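Chemist: I have a structure I would like to understand better, so I am pasting it below and will then ask my questions one at a time.
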Amino acid sequence: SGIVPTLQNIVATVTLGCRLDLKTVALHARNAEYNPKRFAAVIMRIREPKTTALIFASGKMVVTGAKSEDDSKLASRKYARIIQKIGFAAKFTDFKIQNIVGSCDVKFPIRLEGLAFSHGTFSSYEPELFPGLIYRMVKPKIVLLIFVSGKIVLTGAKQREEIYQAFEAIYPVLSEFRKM
DNA sequence: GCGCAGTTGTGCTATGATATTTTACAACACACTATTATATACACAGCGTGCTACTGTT
């Protein structure tokens, strides 16, 4: 082994606590998009940490694109400050990470059909529909996308340890189904 | 109201044997999904660039 998964995307939610006028928000923000007809939220962005926020009239906000939990909270506080600077009585509350995505490379090809047959109740593999095997782990409850190349995607985690836990649990199985 | 003469209507049509063949429309309420990110990869469609051929001019 020796491989440890790399975090790729962190999704979080934040309650600003006050109602927002989206045209005002979009108008005053330096990096905003807002087309009511397409989606009901201002799509705001900041350069550091590089992230994207979906800002709603209710004052709720979704922050995505961060590569670390630190970066997620940091960028979230920053978006909240922007809203304040524009003039609303916003508050940075209820910061919570909802989804963590990770990925790695085991460095060997995998026999997906064998794995799907062996771990049938957790696996779903339809190569004509999507080339990767969808593995639904029980403990921890994580979803893994397994590819012939040996590249692995882990998602559905609320905490970093779950990403790490799942990979540790899957590695022996990937080894059992290697090609070379 | 009674009798008579049409029409309808109702049973059955030999004994045993052997061999195959399949009600509508409108309104209201409740449930479900676009949007944004991330690794992943196979696929398909379009766009751009390069090469070859044909036509025109010297």
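Going by the structure tokens order, chains are called A, B, ..., each with residues numbered from 1, while ligands are numbered from 1 in the order shown.
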Compile a residue-level contact table for chain B against chain A at a cut-off of 10 Å, reporting for every qualifying residue the shortest atom pair and its distance in Å to one decimal, with only C-alpha atoms (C1' of nucleotides) counted, rows ordered by chain and ascending number, as CSV.

Modeler:
```
residue,atom,partner,partner_atom,distance
B:34,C1',A:39,CA,7.2
B:35,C1',A:39,CA,6.2
B:36,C1',A:64,CA,7.0
B:37,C1',A:65,CA,4.9
B:38,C1',A:9,CA,4.9
B:39,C1',A:103,CA,5.6
B:40,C1',A:153,CA,6.5
B:41,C1',A:131,CA,6.3
B:42,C1',A:131,CA,6.3
```

Chemist: Next, dump the selected residues to file, keeping only C-alpha atoms (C1' of nucleotides), as a short mmCIF file (atom, residue, chain, number, x, y, z; two decimals), in the first residue's frame.

Modeler:
```cif
data_model
loop_
_atom_site.label_atom_id
_atom_site.label_comp_id
_atom_site.auth_asym_id
_atom_site.auth_seq_id
_atom_site.Cartn_x
_atom_site.Cartn_y
_atom_site.Cartn_z
"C1'" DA B 34 -32.52 22.08 -11.83
"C1'" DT B 35 -27.87 24.33 -10.18
"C1'" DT B 36 -22.65 24.11 -8.46
"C1'" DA B 37 -18.29 21.37 -7.46
"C1'" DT B 38 -14.76 16.79 -7.89
"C1'" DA B 39 -12.18 13.07 -9.11
"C1'" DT B 40 -13.22 9.37 -12.90
"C1'" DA B 41 -13.80 7.59 -18.23
"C1'" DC B 42 -16.00 6.08 -22.39
#
```

Chemist: Quick one: everything within 9 Å of residue A:157, counting only C-alpha atoms (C1' of nucleotides), minus sequence neighbours fewer than 3 positions away in the same chain. Send it as a VMD selection string.

Modeler: chain A and resid 98 to 101 140 to 143 154 160 to 163

Chemist: May I have the residues from that selection written out with C-alpha atoms, as a PDB file, in the first residue's frame?

Modeler:
```
ATOM      1  CA  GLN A  98     -22.077  17.989   3.767  1.00  0.00           C
ATOM      2  CA  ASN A  99     -19.933  16.133   1.237  1.00  0.00           C
ATOM      3  CA  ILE A 100     -16.231  15.285   0.763  1.00  0.00           C
ATOM      4  CA  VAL A 101     -14.846  13.753  -2.446  1.00  0.00           C
ATOM      5  CA  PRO A 140     -18.394   3.500   6.501  1.00  0.00           C
ATOM      6  CA  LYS A 141     -21.325   4.458   4.243  1.00  0.00           C
ATOM      7  CA  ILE A 142     -19.269   5.671   1.288  1.00  0.00           C
ATOM      8  CA  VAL A 143     -19.750   5.300  -2.465  1.00  0.00           C
ATOM      9  CA  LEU A 154     -14.631   7.999  -2.995  1.00  0.00           C
ATOM     10  CA  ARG A 160     -12.119  12.908   6.198  1.00  0.00           C
ATOM     11  CA  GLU A 161     -11.557   9.662   8.180  1.00  0.00           C
ATOM     12  CA  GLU A 162     -14.445   8.014   6.331  1.00  0.00           C
ATOM     13  CA  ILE A 163     -12.635   8.571   2.998  1.00  0.00           C
TER      14      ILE A 163
END
```

Chemist: Work out how far atom CA of residue A:158 is from atom CA of residue A:135, in Å to one decimal.

Modeler: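 Atom CA of residue A:158 lies 17.6 Å from atom CA of residue A:135.
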
Chemist: Figure out the distance between atom CA of residue A:110 and atom CA of residue A:168, please, to one decimal in Å.

Modeler: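 Separating atom CA of residue A:168 from atom CA of residue A:110 is a distance of 16.4 Å.
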
Chemist: Taking only stretch 1-144 of chain A into account, list the residues labelled strand (DSSP E) by DSSP (computed from the backbone), as a PDB file with N, CA, C and O atoms, in the first residue's frame.

Modeler:
```pdb
ATOM      1  N   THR A   6      -6.412  11.566  -2.008  1.00  0.00           N
ATOM      2  CA  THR A   6      -6.289  13.014  -2.051  1.00  0.00           C
ATOM      3  C   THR A   6      -7.691  13.628  -2.061  1.00  0.00           C
ATOM      4  O   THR A   6      -8.550  13.192  -2.824  1.00  0.00           O
ATOM      5  N   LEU A   7      -7.932  14.646  -1.237  1.00  0.00           N
ATOM      6  CA  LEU A   7      -9.246  15.275  -1.234  1.00  0.00           C
ATOM      7  C   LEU A   7      -9.333  16.172  -2.481  1.00  0.00           C
ATOM      8  O   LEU A   7      -8.355  16.814  -2.865  1.00  0.00           O
ATOM      9  N   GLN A   8     -10.486  16.133  -3.153  1.00  0.00           N
ATOM     10  CA  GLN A   8     -10.694  16.872  -4.400  1.00  0.00           C
ATOM     11  C   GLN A   8     -11.762  17.941  -4.386  1.00  0.00           C
ATOM     12  O   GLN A   8     -11.685  18.864  -5.189  1.00  0.00           O
ATOM     13  N   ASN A   9     -12.782  17.780  -3.544  1.00  0.00           N
ATOM     14  CA  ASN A   9     -13.858  18.754  -3.463  1.00  0.00           C
ATOM     15  C   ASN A   9     -14.587  18.636  -2.138  1.00  0.00           C
ATOM     16  O   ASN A   9     -14.869  17.527  -1.682  1.00  0.00           O
ATOM     17  N   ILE A  10     -14.882  19.780  -1.521  1.00  0.00           N
ATOM     18  CA  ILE A  10     -15.605  19.847  -0.246  1.00  0.00           C
ATOM     19  C   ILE A  10     -16.812  20.770  -0.436  1.00  0.00           C
ATOM     20  O   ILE A  10     -16.653  21.886  -0.928  1.00  0.00           O
ATOM     21  N   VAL A  11     -18.001  20.288  -0.066  1.00  0.00           N
ATOM     22  CA  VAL A  11     -19.261  21.033  -0.202  1.00  0.00           C
ATOM     23  C   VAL A  11     -19.781  21.387   1.177  1.00  0.00           C
ATOM     24  O   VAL A  11     -19.929  20.485   2.005  1.00  0.00           O
ATOM     25  N   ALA A  12     -20.105  22.658   1.430  1.00  0.00           N
ATOM     26  CA  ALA A  12     -20.588  23.042   2.757  1.00  0.00           C
ATOM     27  C   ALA A  12     -21.791  23.964   2.747  1.00  0.00           C
ATOM     28  O   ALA A  12     -22.092  24.591   1.724  1.00  0.00           O
ATOM     29  N   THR A  13     -22.514  24.010   3.860  1.00  0.00           N
ATOM     30  CA  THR A  13     -23.667  24.893   3.965  1.00  0.00           C
ATOM     31  C   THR A  13     -23.471  25.911   5.103  1.00  0.00           C
ATOM     32  O   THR A  13     -22.783  25.639   6.084  1.00  0.00           O
ATOM     33  N   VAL A  14     -24.023  27.104   4.921  1.00  0.00           N
ATOM     34  CA  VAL A  14     -23.895  28.181   5.900  1.00  0.00           C
ATOM     35  C   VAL A  14     -25.213  28.964   5.965  1.00  0.00           C
ATOM     36  O   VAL A  14     -25.838  29.256   4.936  1.00  0.00           O
ATOM     37  N   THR A  15     -25.640  29.310   7.172  1.00  0.00           N
ATOM     38  CA  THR A  15     -26.865  30.074   7.329  1.00  0.00           C
ATOM     39  C   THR A  15     -26.437  31.503   7.612  1.00  0.00           C
ATOM     40  O   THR A  15     -25.668  31.733   8.537  1.00  0.00           O
ATOM     41  N   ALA A  32     -19.973  38.045  -9.460  1.00  0.00           N
ATOM     42  CA  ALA A  32     -21.270  37.418  -9.337  1.00  0.00           C
ATOM     43  C   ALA A  32     -21.983  37.226 -10.675  1.00  0.00           C
ATOM     44  O   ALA A  32     -21.703  37.926 -11.651  1.00  0.00           O
ATOM     45  N   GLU A  33     -22.883  36.240 -10.698  1.00  0.00           N
ATOM     46  CA  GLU A  33     -23.722  35.871 -11.844  1.00  0.00           C
ATOM     47  C   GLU A  33     -25.093  35.733 -11.223  1.00  0.00           C
ATOM     48  O   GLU A  33     -25.204  35.226 -10.107  1.00  0.00           O
ATOM     49  N   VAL A  42     -27.614  33.549  -6.560  1.00  0.00           N
ATOM     50  CA  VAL A  42     -26.522  34.322  -7.121  1.00  0.00           C
ATOM     51  C   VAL A  42     -25.357  33.342  -7.043  1.00  0.00           C
ATOM     52  O   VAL A  42     -25.209  32.600  -6.062  1.00  0.00           O
ATOM     53  N   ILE A  43     -24.605  33.256  -8.124  1.00  0.00           N
ATOM     54  CA  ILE A  43     -23.460  32.391  -8.172  1.00  0.00           C
ATOM     55  C   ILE A  43     -22.311  33.353  -8.007  1.00  0.00           C
ATOM     56  O   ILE A  43     -22.001  34.105  -8.920  1.00  0.00           O
ATOM     57  N   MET A  44     -21.761  33.388  -6.796  1.00  0.00           N
ATOM     58  CA  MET A  44     -20.649  34.263  -6.443  1.00  0.00           C
ATOM     59  C   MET A  44     -19.337  33.459  -6.335  1.00  0.00           C
ATOM     60  O   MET A  44     -19.354  32.271  -6.001  1.00  0.00           O
ATOM     61  N   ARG A  45     -18.205  34.099  -6.635  1.00  0.00           N
ATOM     62  CA  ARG A  45     -16.902  33.446  -6.580  1.00  0.00           C
ATOM     63  C   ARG A  45     -15.838  34.333  -5.973  1.00  0.00           C
ATOM     64  O   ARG A  45     -15.936  35.567  -6.024  1.00  0.00           O
ATOM     65  N   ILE A  46     -14.845  33.701  -5.350  1.00  0.00           N
ATOM     66  CA  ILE A  46     -13.705  34.426  -4.755  1.00  0.00           C
ATOM     67  C   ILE A  46     -12.437  33.728  -5.240  1.00  0.00           C
ATOM     68  O   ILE A  46     -12.463  32.545  -5.560  1.00  0.00           O
ATOM     69  N   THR A  51     -13.165  29.127  -4.812  1.00  0.00           N
ATOM     70  CA  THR A  51     -14.411  28.443  -4.533  1.00  0.00           C
ATOM     71  C   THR A  51     -15.534  29.139  -5.282  1.00  0.00           C
ATOM     72  O   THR A  51     -15.332  30.190  -5.888  1.00  0.00           O
ATOM     73  N   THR A  52     -16.736  28.561  -5.160  1.00  0.00           N
ATOM     74  CA  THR A  52     -17.965  29.064  -5.771  1.00  0.00           C
ATOM     75  C   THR A  52     -19.047  28.929  -4.689  1.00  0.00           C
ATOM     76  O   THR A  52     -19.093  27.917  -3.972  1.00  0.00           O
ATOM     77  N   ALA A  53     -19.897  29.951  -4.566  1.00  0.00           N
ATOM     78  CA  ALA A  53     -20.986  29.966  -3.596  1.00  0.00           C
ATOM     79  C   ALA A  53     -22.311  30.140  -4.316  1.00  0.00           C
ATOM     80  O   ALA A  53     -22.391  30.856  -5.325  1.00  0.00           O
ATOM     81  N   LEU A  54     -23.338  29.452  -3.818  1.00  0.00           N
ATOM     82  CA  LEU A  54     -24.691  29.554  -4.368  1.00  0.00           C
ATOM     83  C   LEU A  54     -25.427  30.260  -3.241  1.00  0.00           C
ATOM     84  O   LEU A  54     -25.552  29.708  -2.138  1.00  0.00           O
ATOM     85  N   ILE A  55     -25.788  31.521  -3.487  1.00  0.00           N
ATOM     86  CA  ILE A  55     -26.466  32.365  -2.493  1.00  0.00           C
ATOM     87  C   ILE A  55     -27.964  32.569  -2.759  1.00  0.00           C
ATOM     88  O   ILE A  55     -28.362  33.117  -3.794  1.00  0.00           O
ATOM     89  N   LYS A  60     -29.658  31.397   2.958  1.00  0.00           N
ATOM     90  CA  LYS A  60     -28.899  30.158   3.063  1.00  0.00           C
ATOM     91  C   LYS A  60     -27.868  30.198   1.931  1.00  0.00           C
ATOM     92  O   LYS A  60     -28.091  30.802   0.866  1.00  0.00           O
ATOM     93  N   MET A  61     -26.740  29.545   2.148  1.00  0.00           N
ATOM     94  CA  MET A  61     -25.690  29.564   1.171  1.00  0.00           C
ATOM     95  C   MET A  61     -25.012  28.206   1.088  1.00  0.00           C
ATOM     96  O   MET A  61     -24.833  27.526   2.108  1.00  0.00           O
ATOM     97  N   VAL A  62     -24.687  27.786  -0.136  1.00  0.00           N
ATOM     98  CA  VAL A  62     -23.959  26.534  -0.364  1.00  0.00           C
ATOM     99  C   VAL A  62     -22.580  26.951  -0.879  1.00  0.00           C
ATOM    100  O   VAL A  62     -22.496  27.776  -1.777  1.00  0.00           O
ATOM    101  N   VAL A  63     -21.508  26.438  -0.284  1.00  0.00           N
ATOM    102  CA  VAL A  63     -20.146  26.767  -0.720  1.00  0.00           C
ATOM    103  C   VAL A  63     -19.456  25.478  -1.230  1.00  0.00           C
ATOM    104  O   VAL A  63     -19.373  24.466  -0.508  1.00  0.00           O
ATOM    105  N   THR A  64     -18.943  25.507  -2.457  1.00  0.00           N
ATOM    106  CA  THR A  64     -18.322  24.315  -3.017  1.00  0.00           C
ATOM    107  C   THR A  64     -17.011  24.588  -3.760  1.00  0.00           C
ATOM    108  O   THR A  64     -16.653  25.743  -3.993  1.00  0.00           O
ATOM    109  N   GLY A  65     -16.237  23.541  -4.034  1.00  0.00           N
ATOM    110  CA  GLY A  65     -14.991  23.724  -4.763  1.00  0.00           C
ATOM    111  C   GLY A  65     -13.703  23.706  -3.966  1.00  0.00           C
ATOM    112  O   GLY A  65     -12.617  23.645  -4.539  1.00  0.00           O
ATOM    113  N   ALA A  66     -13.809  23.747  -2.649  1.00  0.00           N
ATOM    114  CA  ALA A  66     -12.637  23.741  -1.797  1.00  0.00           C
ATOM    115  C   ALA A  66     -11.957  22.364  -1.784  1.00  0.00           C
ATOM    116  O   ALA A  66     -12.628  21.341  -1.955  1.00  0.00           O
ATOM    117  N   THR A  93     -23.122  31.573  10.523  1.00  0.00           N
ATOM    118  CA  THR A  93     -23.552  30.504  11.399  1.00  0.00           C
ATOM    119  C   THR A  93     -23.778  29.172  10.704  1.00  0.00           C
ATOM    120  O   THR A  93     -23.815  29.059   9.486  1.00  0.00           O
ATOM    121  N   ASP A  94     -23.885  28.154  11.541  1.00  0.00           N
ATOM    122  CA  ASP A  94     -24.153  26.806  11.106  1.00  0.00           C
ATOM    123  C   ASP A  94     -23.284  26.208  10.016  1.00  0.00           C
ATOM    124  O   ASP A  94     -23.756  25.400   9.216  1.00  0.00           O
ATOM    125  N   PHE A  95     -22.013  26.584   9.999  1.00  0.00           N
ATOM    126  CA  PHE A  95     -21.098  26.012   9.032  1.00  0.00           C
ATOM    127  C   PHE A  95     -21.036  24.493   9.209  1.00  0.00           C
ATOM    128  O   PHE A  95     -20.664  24.000  10.285  1.00  0.00           O
ATOM    129  N   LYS A  96     -21.331  23.756   8.137  1.00  0.00           N
ATOM    130  CA  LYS A  96     -21.320  22.295   8.178  1.00  0.00           C
ATOM    131  C   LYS A  96     -20.941  21.724   6.832  1.00  0.00           C
ATOM    132  O   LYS A  96     -21.496  22.112   5.823  1.00  0.00           O
ATOM    133  N   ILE A  97     -19.969  20.823   6.832  1.00  0.00           N
ATOM    134  CA  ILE A  97     -19.503  20.145   5.625  1.00  0.00           C
ATOM    135  C   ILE A  97     -20.506  19.020   5.368  1.00  0.00           C
ATOM    136  O   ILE A  97     -20.773  18.222   6.254  1.00  0.00           O
ATOM    137  N   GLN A  98     -21.063  18.977   4.157  1.00  0.00           N
ATOM    138  CA  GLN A  98     -22.077  17.989   3.767  1.00  0.00           C
ATOM    139  C   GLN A  98     -21.577  16.846   2.899  1.00  0.00           C
ATOM    140  O   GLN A  98     -22.192  15.775   2.876  1.00  0.00           O
ATOM    141  N   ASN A  99     -20.507  17.108   2.148  1.00  0.00           N
ATOM    142  CA  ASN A  99     -19.933  16.133   1.237  1.00  0.00           C
ATOM    143  C   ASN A  99     -18.434  16.390   1.004  1.00  0.00           C
ATOM    144  O   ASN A  99     -17.988  17.554   0.907  1.00  0.00           O
ATOM    145  N   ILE A 100     -17.670  15.294   1.026  1.00  0.00           N
ATOM    146  CA  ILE A 100     -16.231  15.285   0.763  1.00  0.00           C
ATOM    147  C   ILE A 100     -15.972  14.207  -0.320  1.00  0.00           C
ATOM    148  O   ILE A 100     -16.451  13.070  -0.233  1.00  0.00           O
ATOM    149  N   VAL A 101     -15.216  14.601  -1.334  1.00  0.00           N
ATOM    150  CA  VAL A 101     -14.846  13.753  -2.446  1.00  0.00           C
ATOM    151  C   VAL A 101     -13.320  13.521  -2.406  1.00  0.00           C
ATOM    152  O   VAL A 101     -12.546  14.459  -2.179  1.00  0.00           O
ATOM    153  N   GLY A 102     -12.886  12.280  -2.627  1.00  0.00           N
ATOM    154  CA  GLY A 102     -11.468  11.992  -2.628  1.00  0.00           C
ATOM    155  C   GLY A 102     -11.123  11.079  -3.787  1.00  0.00           C
ATOM    156  O   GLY A 102     -12.007  10.485  -4.386  1.00  0.00           O
ATOM    157  N   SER A 103      -9.851  11.004  -4.147  1.00  0.00           N
ATOM    158  CA  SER A 103      -9.443  10.106  -5.221  1.00  0.00           C
ATOM    159  C   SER A 103      -7.991   9.663  -5.071  1.00  0.00           C
ATOM    160  O   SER A 103      -7.204  10.293  -4.358  1.00  0.00           O
ATOM    161  N   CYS A 104      -7.678   8.522  -5.682  1.00  0.00           N
ATOM    162  CA  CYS A 104      -6.327   7.991  -5.687  1.00  0.00           C
ATOM    163  C   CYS A 104      -6.091   6.998  -6.831  1.00  0.00           C
ATOM    164  O   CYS A 104      -7.015   6.696  -7.622  1.00  0.00           O
ATOM    165  N   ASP A 105      -4.863   6.479  -6.891  1.00  0.00           N
ATOM    166  CA  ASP A 105      -4.450   5.565  -7.939  1.00  0.00           C
ATOM    167  C   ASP A 105      -3.742   4.382  -7.310  1.00  0.00           C
ATOM    168  O   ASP A 105      -2.734   4.575  -6.640  1.00  0.00           O
ATOM    169  N   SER A 123     -22.116  -3.916  -5.329  1.00  0.00           N
ATOM    170  CA  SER A 123     -21.709  -3.449  -6.635  1.00  0.00           C
ATOM    171  C   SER A 123     -22.784  -3.244  -7.672  1.00  0.00           C
ATOM    172  O   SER A 123     -23.803  -3.925  -7.684  1.00  0.00           O
ATOM    173  N   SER A 124     -22.482  -2.360  -8.607  1.00  0.00           N
ATOM    174  CA  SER A 124     -23.351  -2.051  -9.713  1.00  0.00           C
ATOM    175  C   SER A 124     -22.369  -1.745 -10.837  1.00  0.00           C
ATOM    176  O   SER A 124     -21.510  -0.879 -10.699  1.00  0.00           O
ATOM    177  N   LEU A 133     -17.281   0.931 -11.914  1.00  0.00           N
ATOM    178  CA  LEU A 133     -18.088   0.107 -11.020  1.00  0.00           C
ATOM    179  C   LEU A 133     -18.502   0.981  -9.817  1.00  0.00           C
ATOM    180  O   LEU A 133     -17.674   1.679  -9.247  1.00  0.00           O
ATOM    181  N   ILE A 134     -19.781   0.962  -9.455  1.00  0.00           N
ATOM    182  CA  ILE A 134     -20.271   1.739  -8.324  1.00  0.00           C
ATOM    183  C   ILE A 134     -20.397   0.808  -7.132  1.00  0.00           C
ATOM    184  O   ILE A 134     -21.203  -0.118  -7.132  1.00  0.00           O
ATOM    185  N   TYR A 135     -19.531   1.031  -6.152  1.00  0.00           N
ATOM    186  CA  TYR A 135     -19.479   0.217  -4.956  1.00  0.00           C
ATOM    187  C   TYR A 135     -20.042   0.975  -3.762  1.00  0.00           C
ATOM    188  O   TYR A 135     -19.523   2.020  -3.374  1.00  0.00           O
ATOM    189  N   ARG A 136     -21.124   0.446  -3.197  1.00  0.00           N
ATOM    190  CA  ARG A 136     -21.793   1.060  -2.053  1.00  0.00           C
ATOM    191  C   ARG A 136     -21.414   0.362  -0.740  1.00  0.00           C
ATOM    192  O   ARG A 136     -21.974  -0.676  -0.373  1.00  0.00           O
ATOM    193  N   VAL A 143     -19.578   5.801  -1.103  1.00  0.00           N
ATOM    194  CA  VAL A 143     -19.750   5.300  -2.465  1.00  0.00           C
ATOM    195  C   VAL A 143     -18.415   5.437  -3.195  1.00  0.00           C
ATOM    196  O   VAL A 143     -17.805   6.510  -3.179  1.00  0.00           O
ATOM    197  N   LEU A 144     -17.955   4.342  -3.799  1.00  0.00           N
ATOM    198  CA  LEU A 144     -16.704   4.353  -4.549  1.00  0.00           C
ATOM    199  C   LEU A 144     -16.945   4.054  -6.027  1.00  0.00           C
ATOM    200  O   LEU A 144     -17.794   3.228  -6.369  1.00  0.00           O
TER     201      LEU A 144
END
```
